[PDB]
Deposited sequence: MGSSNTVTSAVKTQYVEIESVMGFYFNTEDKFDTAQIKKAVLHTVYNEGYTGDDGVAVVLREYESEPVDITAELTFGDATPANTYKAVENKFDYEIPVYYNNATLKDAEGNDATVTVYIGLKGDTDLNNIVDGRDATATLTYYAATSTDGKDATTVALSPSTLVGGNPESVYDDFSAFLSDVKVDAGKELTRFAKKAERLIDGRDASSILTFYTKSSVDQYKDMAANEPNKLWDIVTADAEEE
């Protein structure tokens, strides 16, 4: 007499990750820990439906290292949308998705944008360079304190220098790399040196992108043009 059932879900522990739209892989380092829980619901078939009188939790198991992002890449996930830069990327275990404890597919949060887009409007232009200059001036006159200065005039930041969107803008805006600690995509705004070389580099990239000889490169291989600019 009816009935016995199991399924399984995942508790996932992860951090956000910043990416350029040109990048070909997401970083699984975003996944700090994942554990597959397995429940055993039992009871009886009901009138149209199911009733659960018991549930037996089998020993859960760490699968942090078995998790992948399947075929998703920043380049194939990026979609230009006004005031929207976040994506929930599904994880895959044994080549299939997993439900979380709320019955939704397990995902990790990423943010994806255009290098040089300080103001998060999906266009790299002179206004990104002048924003970056404003930040240069403000941090040149406060003891290099990033916590009282909002870099991006984006409404997603809204004047909050601690917003995740300001860290992201800083990641996008730090186009000229600086001597010192070798930074990863996981750096905080405060760790980056964003200064008049970044501002000038963004202005030069924009100006070059506007002229005929560079249009093909700007559209198709913008990293090559950034490299020309920053040398």
I have the full deposited sequence and the modelled structure. Can you tell me which residue ranges, counted from 1, have no C-alpha coordinates? 1 to 6, 52, 239 to 243
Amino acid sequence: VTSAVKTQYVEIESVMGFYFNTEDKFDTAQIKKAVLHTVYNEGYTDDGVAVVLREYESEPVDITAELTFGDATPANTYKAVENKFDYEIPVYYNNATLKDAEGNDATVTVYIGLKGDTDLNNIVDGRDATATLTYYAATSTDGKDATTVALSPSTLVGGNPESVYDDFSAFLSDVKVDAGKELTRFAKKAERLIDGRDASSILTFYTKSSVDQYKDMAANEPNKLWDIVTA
From here on, numbers count along this sequence of modelled residues.
Using only the Cα atoms and their B-factors as the entry lists them, report which of 171 to 179 and 22 to 30 averages higher. 22 to 30
7 to 15 versus 205 to 213 - which carries the larger mean C-alpha B factor in the record: 7 to 15
Identify, among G113, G126, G159, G103, the residue whose C-alpha carries the highest B-factor in the deposited PDB entry. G103
Options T184, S163, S200, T38 - largest CA temperature factor per the record: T38
Tell me, lowest, middle or highest third: where does the Cα B factor of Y135 rank within its chain? lowest
Looking at the temperature factor on the CA atom of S152, which third of the chain's modelled residues does it land in? lowest
Within-chain third of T97 by Cα B-factor, per the entry: highest
For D145, the third of its chain by CA B-factor is the middle
CA B-factor placement of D71, once the chain's modelled residues are sorted into thirds: highest
